[PDB]
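**Q** here are the coordinates; sequence isn't available:
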Ligand SMILES: C[C@@H]1CC[C@@]2(OC1)O[C@H]1C[C@H]3[C@@H]4CC=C5C[C@@H](OCCC(CO[C@H]6O[C@H](CO)[C@@H](O[C@H]7O[C@H](CO)[C@@H](O)[C@H](O)[C@H]7O)[C@H](O)[C@H]6O)CO[C@H]6O[C@H](CO)[C@@H](O[C@H]7O[C@H](CO)[C@@H](O)[C@H](O)[C@H]7O)[C@H](O)[C@H]6O)CC[C@]5(C)[C@H]4CC[C@]3(C)[C@H]1[C@@H]2C
Ligand SMILES: CCCCCCCCCCCCCCCCCCCCCCCCCC(=O)N[C@@H](CO)[C@H](O)[C@H](O)CCCCCCCCCCCCCC
Ligand SMILES: *Cc1c(COP(=O)(O)O)cnc(C)c1O
């Protein structure tokens, strides 16, 4: 009835090191990416399944919605004593009403076993999971205190910096020995140390800006950044697929919001022109300023933003640009600088650059980079700096070690191998999956490979069947996604090797053949012919051909 | 007659055709709104528009002095005796006596805790690599949640990644348009942000005044009774344990009596009172010798001020926590805490359970500090003291006469 | 009485006929910040043939029982489709998923379709389908005006009447028959 | 290579071919039945439902076929 505390396992050094990070097999399994030099980015193309799949999806959702209301009505009307949470006891309203919790109770409840799974130990290329047994219908669980390893394709460690034995761990332990774990307070009265300024300058030099700021949390950074310089008389133009933190920050700021469709620039230009002409509502006076918010790389889709067009538009119409890049600051680029490196765009064109250390550097926190005359004002106008706690010492040490490793200072040739490994793994997996006959999204280099499952009842079967094979995956669905399109999101890491990918390919091929999940058309291959290759031929021929940049449609 | 039935069909078909032939129109129309414009004219408007600078740089040199005055500690943990430098290494001081630290009990610096952190770092790594929703939640987090719930006498608890963003993510979750909130006259900034984001009616009553609260509650009750609304809405009272800016405490028993009489819920934000108030240090409720499970409904706390590690927590019953695990924005879309923090805080809680010397020593020191300044006569004409004898922080204010004269 | 600093109070109608008050600046920002998911799925792929498939299946299942009469079967399938459409579109007000604050607490889905833009192709299809069904039912088999008048009355007042622009943003509250509606 | 602490789960085809379970005379019918059952069960909501409602829907489909 309670989560047991698991005793650590005692193993020799080599076995644990292999569990955390995998050794390379052959030096031919590396790939070095090349710059784009500014050539235009083509419009993405998406494949579609047949009609009957969509019709069945519509019928499934309709039946589920009808039955949910039938049960809700009958149970609320007759059996009152059982449902005491949703009724007022003595002049006090319930914590929540039945209507807003309909989706959680009626459809999501039957799937609660595939969402939250306790684990233990360091998340590497093999993750240890706690075994649990379900009672009633996912109401409560009973734990037998047994653990077993699984392959993880769901954790945010792109460069494999999550280790228990390494230079970063040594630096963290030394920092703990030198600086205590406790801080003083807000970074305006006490709590600033030389390590903070060192990290500031290191991040500023690594990005390419002139000055920066470091915060202890990323969500708070976004939620508190916007109100410092925006007001009711300003306008914010943002995409329709931005993160929640940006939405909360803009809501707190109080400015007006206009949104444009994903990937459309003609609509963006038309919206900018119209908004400039019309002016403020009900008074038709000109706006004080206009700001453009976008994201470097979108995790739900695995697609890039067309930065040069945004820069051109902001130069022509005299607007400001804000770029959010947390998934692409360390894992993408010829040297890992970010989205500004692949396109060749000068960093000075963008106004504000933000990112977090959680995804790639193995430590928690976030930052912001801009010009000197902006940072000087912001250090005074920000509310995080003078009201909230400061960043601890071990996290700073880990971040500094990771940054100096990637930059090539502390160790000669460790970061480049990681970049090449992650690039090759992503390309190989995407090409093999597309040659099998599935449907994937991406731009041929993103670490996110979303494979689409359309029927509502196929996601739990896929999750459970992959668990039985000792593989851990994460599946998302409504409303986080469009109603028709559900998907499973793969997060590729540098710690995995090629044989693991072959094992995964065999198992996923068998499961997809069983569940009828592979439905491909001619719009996904370069020759225009639907392809269903046998597995051994795929394994034999894909790793050599994945290097050429012509086999990929987008 | 038969032609009447055909005429009905004709009338339906005609309206269908008429609606089909029409063109789309929207209230939020395009440039054609005014329009009274031509392509040549629009370019003039576009070119005439001039923007404002992103930030105003006029006054930065006037406030740079406060940036130049920030102390910095070099190569040493923040402790009682430190060495500081100011104004970018131009001036240096040594053997400084620190009276600005915000850590009260100083239990995190002892040897028995420094081993739990090292072992945890060796066995787990530094940072978690996933959200609590998918795969990030581990066994140590559950252990800390159970320990907090057992220690503070509440059914459950929820862990947050930072204490600044706890209230603005909890309070809006349980309120909607059409609800009432009664807040104190002066509250801290995070509570103000929560109230702004809550999107509900807000009423204010005078500071530490019970007559005003009673009168306003009676007026609201009478108006609601006269309104005859079919569904009862939610009601909350927002206050603070020990105020951040003035260092004064709130009277709990009167609030409990009023909330029981007028059917209101009580929300208490106690960041500066968790580790210092009470004989054992269990919070505000222990000071007045009352049960927490009935006196208070929602509690917001911080682990940084007294316990000595980053994070925050919220205490409540089972339904609240179960709904909070899905309806809270800062909880869902964020990564989990590192393991060494939670292990160290659990060890500190066990140490607090073992012995209770630090609380007594701190209370004695605070009483001495208050009496020393509040017992003199020379400073009667210059400054006044706005803090309580039990607070660990002393606040000083200039006399209103001095402010006007100077 | 004491005046709140920030007031967001729901107000109900006070007359037999009334209209909902236009939204404010903050409400407009709240609605524009996040796309609505209840009204987006109508325009997507495969969302139009579904009604035809439902009609075809309802005809077959009601005709399957030997004891039914063709006129009665078509009237019953009209009952089913009209009642289902009225319940889904015009009866229920609100959003199952939670938006910022109250948000779309006062408008129905038909009002939420396509950001309140009128004369959209989806609206044309949704208003044309019941008419085509009615004419097909009338012409298909023999009928008598007795049930025919009531059937066309129900088709008009349950499917056609709510779709007119005159009834847009409109609320009717009988003093006792129907509860008061928030404006 | 280097050994690790992972336990590999064999695939279905390998287990079947190493178990000698495959028999041409009396396995094609079983495979056909398996395909017919799974295709019927997956593409239609039985897997997120309750036992009473699932049984009711099974009886409904069975009666529809029988009629
Ligand atoms: C073969 C056979 C044939 C026959 C058959 O079986 C098969 O065929 C079957 C086919 C069935 C129908 C299928 C589909 C529906 C739609 C459904 O849709 C409800 C959705 C609405 C809510 O309904 C739920 O919640 C209600 C909560 O009151 C429940 O009501 C009371 O239920 C109990 C007493 O009945 C007691 O507990 C209490 O007295 C009270 O809870 C109700 O039962 C429950 O359903 C959503 O809309 C509202 O949302 C808010 C509610 O939260 C309202 O309030 C808000 O108002 C302001 C906005 O203006 C906000 O600002 C304020 O903050 C805020 O207060 C808002 O006004 C309004 O829009 C209503 C039921 C119906 C017609 C079914 C009937 C039964 C059948 C005929 C079966 C049948 C057996
Ligand atoms: C003796 C015999 C006498 C016969 C008497 C006849 C009596 C007729 C009884 C009618 C029973 C059915 C009436 C209501 C059943 C359906 C009502 C469901 C409404 C529940 C709440 C709706 C909330 C909408 C929010 C929502 O989740 N929206 C969407 C997603 O975001 C939604 O989830 C999806 O888009 C799916 C809906 C699309 C499926 C196509 C439906 C179109 C045709 C309707 C015909 C209904 C026929 C029923 C057999
Ligand atoms: C992952 C994600 C976050 C998460 O914030 P943390 O507090 O660092 O976990 C923030 N911003 C973006 C864009 C993200 O994708």
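**A** Received it, and whenever you're ready, just let me know what you need. Numbers count the residues shown, from 1 in each chain, chains lettered A, B, ... in the order given. Ligands and ions are numbered 1, 2, ... in the order given.

**Q** Can you tell me the closest non-neighbouring residue to residue B:276?
**A** Of all residues beyond its chain neighbours, the one nearest residue B:276 is residue B:392 (5.2 Å), with distances taken as C-beta to C-beta, 6 or more residues apart in numbering or on different chains. Heads up, the C-betas are built off the backbone N, CA and C, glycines and all.

**Q** Confirm the one you found sits in a strand?
**A** No - assessed with DSSP: H, G, I helix; E, B strand; the rest coil, residue B:392 is coil; it does not lie in a strand.

**Q** Residue A:402 belongs to a helix?
**A** Yes - under three-state DSSP, residue A:402 falls within a helix.

**Q** and for stretch A:461-470, what are the contacting residues?
**A** Defining contact as C-beta atoms under 8 Å, 6 or more residues apart in numbering or on different chains, one finds that stretch A:461-470 is touched by A:114, A:148-151, A:453, A:472-473, A:475, A:488, A:507-508, A:511, A:514-515, A:517, D:7-9, D:42, D:47.

**Q** wait, I meant stretch A:87-105
**A** With C-beta under 8 Å, 6+ apart as the test, stretch A:87-105 has contacts from A:68, A:72, A:76, A:80, A:85-86, A:478-479, B:174, B:231-234, B:263, B:265, B:319-320, B:323, B:326-327, C:94, C:96-98.

**Q** Kindly recompute the last result at 7 Å.
**A** Identification of contacts with stretch A:87-105 by C-beta atoms under 7 Å, 6 or more residues apart in numbering or on different chains yields A:68, A:72, A:76, A:80, A:85-86, B:174, B:232-234, B:263, B:319-320, B:323, B:326, C:94, C:96-98.

**Q** Select only the buried ones of these in ChimeraX?
**A** Here is the ChimeraX command that selects the buried residues among the contacts of stretch A:87-105 (16 or more other C-beta atoms under 10 Å in any protein chain shown):
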select /A:68,72,86 /B:174,233,234,320,323 /C:94,96
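
**Q** now, which of the contacts of stretch A:87-105 lie close to ligand 1?
**A** When contact is defined as C-beta under 6 Å from any ligand atom, those meet ligand 1 at A:72, A:76, C:94.

**Q** related to what we said a few turns ago, the contacts of stretch A:461-470 in strands, which ones?
**A** Judged by DSSP state E, strands contain the following of the contacts of stretch A:461-470: A:148, A:149, A:150, A:151, A:453, A:472, A:475, A:488.

**Q** okay, now residue 245: neighbour count?
**A** Going with chain A. Counted with other C-beta atoms under 10 Å in any protein chain shown, the neighbours of residue A:245 add up to 24.

**Q** That was the other one, I meant chain B.
**A** Neighbour tally, residue B:245, other C-beta under 10 Å: 12.

**Q** Also the one 3 residues further on?
**A** Using other C-beta under 10 Å, residue B:248 has 16 other residues around it.

**Q** Give me the spatial nearest neighbour of it, chain neighbours excluded.
**A** Distances taken as C-beta to C-beta, 6+ apart place residue B:388 nearest to residue B:248, at 5.3 Å, with adjacent residues excluded.

**Q** And the one you found, how far from ligand 1?
**A** 41 Å (C-beta to the nearest ligand atom, to the nearest Å).

**Q** and the gap between that residue and residue B:3?
**A** 92 Å (C-beta to C-beta, to the nearest Å).
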